[PDB]
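*Asks:* Here you go, one structure.
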Amino acid sequence: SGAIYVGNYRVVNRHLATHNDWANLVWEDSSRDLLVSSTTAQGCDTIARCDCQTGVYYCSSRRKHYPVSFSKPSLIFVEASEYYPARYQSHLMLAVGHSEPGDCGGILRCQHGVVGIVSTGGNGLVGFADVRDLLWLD
Ligand SMILES: CCS(=O)(=O)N1CCC(C(=O)O)CC1
Ligand SMILES: CCS(=O)(=O)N1CCC(C(=O)O)CC1
Ligand SMILES: [Zn+2]
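First residue of the sequence shown: 1458, per the numbering used here; consecutive thereafter.
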């Protein structure tokens, strides 16, 4: 689980959004696994405006931060897991790293701030939903 809090926006995995997230929907994209909802309280997170392909992500299933190399955002076919079926996902970044069910909403970040959140795992890979193209967030 986990979210980004920037200005008056909460960014979450679409498949983990709550009834409140949908009651305060700003934007959602089923192809990206993203949803943004409005918050009343100001968030502290800064979104990276960069094309970094290295950073650190938080892995709650190991309670560790891992440094990773990741691919640039692209359309990727996502393998079926124990709990979710297989599907295509846009704006997805892969790295070699640990991600299992529960790890979603872990934040990937670089010097310039938040790059994305964990969205996929399996097969010794972690997939991250990029948020850097969403300039309206900052
Ligand atoms: C590990 C691949 S997955 O498709 O099973 N999946 C990713 C993490 C998600 C979450 O923690 O919400 C749900 C589970
Ligand atoms: C790249 C991983 S990071 O985002 O956790 N971190 C390292 C880059 C910054 C620096 O070392 O100048 C500080 C922030
Ligand atoms: Zn960066």
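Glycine is no exception: its CB is placed at the ideal position from the N, C-alpha and C atoms.
Who are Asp1587's beta bridge partners in DSSP?
*Replies:* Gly1573
*Asks:* Check whether the Cβ of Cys1501 sits closer than 8 Å to any heavy atom of ligand 3, and report yes or no.
*Replies:* no
*Asks:* Assess contact between the region 1513-1526 and the region 1539-1554, defined as three or more Cβ pairs (one per stretch) separated by less than 8 Å. Is contact present?
*Replies:* yes
*Asks:* Can you tell me whether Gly1573 sits near ligand 3, meaning its C-beta is under 8 Å from at least one heavy atom of the ligand?
*Replies:* no
*Asks:* Note the first and the last residue of the continuous beta strand (DSSP E) segment covering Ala1537.
*Replies:* No beta strand (DSSP E) contains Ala1537, which DSSP labels as neither H nor E.
*Asks:* Should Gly1459 be flagged as near chain C, meaning a C-beta pair shorter than 9 Å?
*Replies:* Among the chains in the structure shown there is no chain C, since it carries only a single protein chain.
*Asks:* By how many angstroms is the C-alpha of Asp1595 removed from the C-alpha of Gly1578?
*Replies:* Rounded to the nearest angstrom, the two C-alpha atoms are 28 Å apart.
*Asks:* With a threshold of 8 Å on Cβ separation, who are the neighbours of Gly1464 within its own chain once the five nearest residues in sequence on each side are excluded?
*Replies:* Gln1499, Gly1500, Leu1594 and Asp1595
*Asks:* Determine the direct distance from the alpha carbon of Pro1530 to that of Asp1486, and round the result to whole angstroms.
*Replies:* 15 Å
*Asks:* Name, in chain order, the residues that DSSP records as bridge partners for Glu1485.
*Replies:* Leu1492
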